[PDB]
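For reference, the chain that follows is the form deposited in one PDB entry, supplied as C-alpha cells.
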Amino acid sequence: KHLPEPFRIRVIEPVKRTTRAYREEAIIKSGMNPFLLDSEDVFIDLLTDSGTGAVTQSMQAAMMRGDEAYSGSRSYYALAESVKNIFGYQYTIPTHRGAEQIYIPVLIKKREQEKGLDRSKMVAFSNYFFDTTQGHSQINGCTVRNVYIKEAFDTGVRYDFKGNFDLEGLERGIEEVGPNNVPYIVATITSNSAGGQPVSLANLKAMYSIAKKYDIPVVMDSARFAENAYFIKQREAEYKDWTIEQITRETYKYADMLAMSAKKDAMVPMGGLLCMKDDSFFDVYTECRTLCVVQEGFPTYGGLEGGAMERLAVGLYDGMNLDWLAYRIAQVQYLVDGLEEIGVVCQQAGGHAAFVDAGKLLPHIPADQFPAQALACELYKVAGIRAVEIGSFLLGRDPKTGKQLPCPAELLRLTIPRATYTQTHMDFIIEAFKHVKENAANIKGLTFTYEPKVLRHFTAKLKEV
C-alpha cells in the first residue's frame, strides 16, 4: 500500500518526456552507458539517493540565514544545538562521509597509546561496514570483520531486524583478537547488509554492553538513523508508542560518538557529522578537530557554508518526521512488492536499494557480456529510467592480469531519491520491468568499443553484440 504524501509539493524541477526514438539515439550516443547520459534525458533517475532528494520549506529557507564567520558561527552553534537535543551529544564537528578518514586513525592511535594496541594485530568490528568505512579502516592497516546474523542475507526468511549484530560472534571475535587490539566497533543503522536492514535497540544495548565491558569505542554510522528509528517503532514492541525523537535519543545512549553522511535521512545535498557524546570522549573530539585541519600533513581550511549548517540543523529534525518516514519506507516496499508480483527476482532488497538479478531476467546473455548493463540500457530505452549495474561491468579486470574478474551475480541496483518521485512513477518502473521481462529474449549483450584502464563503468562505451 503506497501511502499518500504527508506534504504538499511546493517546488518542482521540470523533466521532459522523450520519445522512444530519442532515447534510442541517446543511449547509442552514450555508448550504451547510462552514466554518460545527460541528466535532462533521464525521466526517472535511480542512480543514487545520496543528496538527490527533496528538502522541506524550512530547510530551504535556512540556506538564507547563514553566518559565514570562520569561527564562532551562530550557524555552527545551531547545528551543534540540534545534535545535542536530538542525539544528546555535546560535541559536534561538521564535515563536508562523516570524516571516517579522521576518527579511524584517531581511535587507532588512542588505543595504541593507552592500551598498547598492536597495529599488526588490530581488527575492527561492525554489524556491517559500509564500503568506505571498510576502505579507510584497511588503508590505516586495520583488518575489518562484519559480525552480522545468520538471517541477515537469508531471503525468504522474514526477520524484523536483519541488521542486528551477531552478539556471540562479536564477543568471540574480540576475545580471539584481543581487546587491546580492537580500536573500535561501528554500529551501522540501518545496516547496509541485504539492501538495508534495521538494527533493534535491544541489540544495540547488548552490543554497547559488550563494548563497554571491554572499553572499546563505539561509533554509530548514522546515515539512516531516522529510518532505523522508524523500523524500531514499527517492529520493536517496546517502542511502539515512543516518538521517533525519543527512540533516537535512547538509541544514541549506546554509542560513544557518531559519524554520518547527511546526504540520506538528513535530507541534504551535502554535509556530514562527526560527533562525541560527552566529556569522556573530549580528547577524541579535540584530536579529530585537530586532525581535521592538518589531515594533509599541514594546515588546510574550509567547511560548509553557513546556510548549509543552518539547513542541516533543520534537516536533522524534518528527517525524523513520523509521517514522512512511514511514507518513504512504504514507497520503497511498494516498488519491491510490485516487482516481485510480476516475476522480477532480486538477490537482495531492503530499505537502501533493490538489487534485481539481471542474469535470471536475461539468462541468454553471458556474464562477460554484462546482462545487468544490457538491462540498464533496455530500461532506459523503454522508460527513460537510469539505474546502476552492480556486476561484471562494475567489477572490472584484475589489475595484475588484465582479465575480467569473476562475479557472483549480475545485479541492477534501484535506489529511490527521497520525496522525489510518486506512486505513479513507481508503477511506471514496474510496468517498464514487466515490458522488459516480456521482451527479455530479444535483449542483446554488450562489448567494449572504448574502455578506460580504471573505473571503467563511469566512462566506458559499448555496443550491442
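C-alpha atoms forming the largest set that superposes within 1.5 Å between two forms make up the rigid core. The numbering used is simple: start at 1 and walk along the sequence shown.
Keep in mind that the form deposited in another entry is missing from the display, and what follows is about it.
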{"query": "Sole member of 374, 199, 314, 255 with a C-alpha shift of at least 2 Å between this form and the one not shown (core-superposed)", "finding": "374"}
{"query": "Core superposition between this form and the one not shown, C-alpha change of residue 329 at least 2 Å", "finding": "no"}
{"query": "Is_shifted residue 281 between this form and the one not shown (CA, 2 Å cut-off, rigid core)", "finding": "no"}
{"query": "Per-residue C-alpha change between this form and the one not shown, residue 31, threshold 2 Å, rigid core fit", "finding": "yes"}
{"query": "Pair residue 412/residue 150, Cα separation in the other entry versus the displayed form, closer or farther by 3 angstroms or more", "finding": "closer"}
{"query": "Closer or farther in the other entry, the Cα atoms of residue 297 and residue 109, when the shift from this form is 3 Å or more", "finding": "farther"}
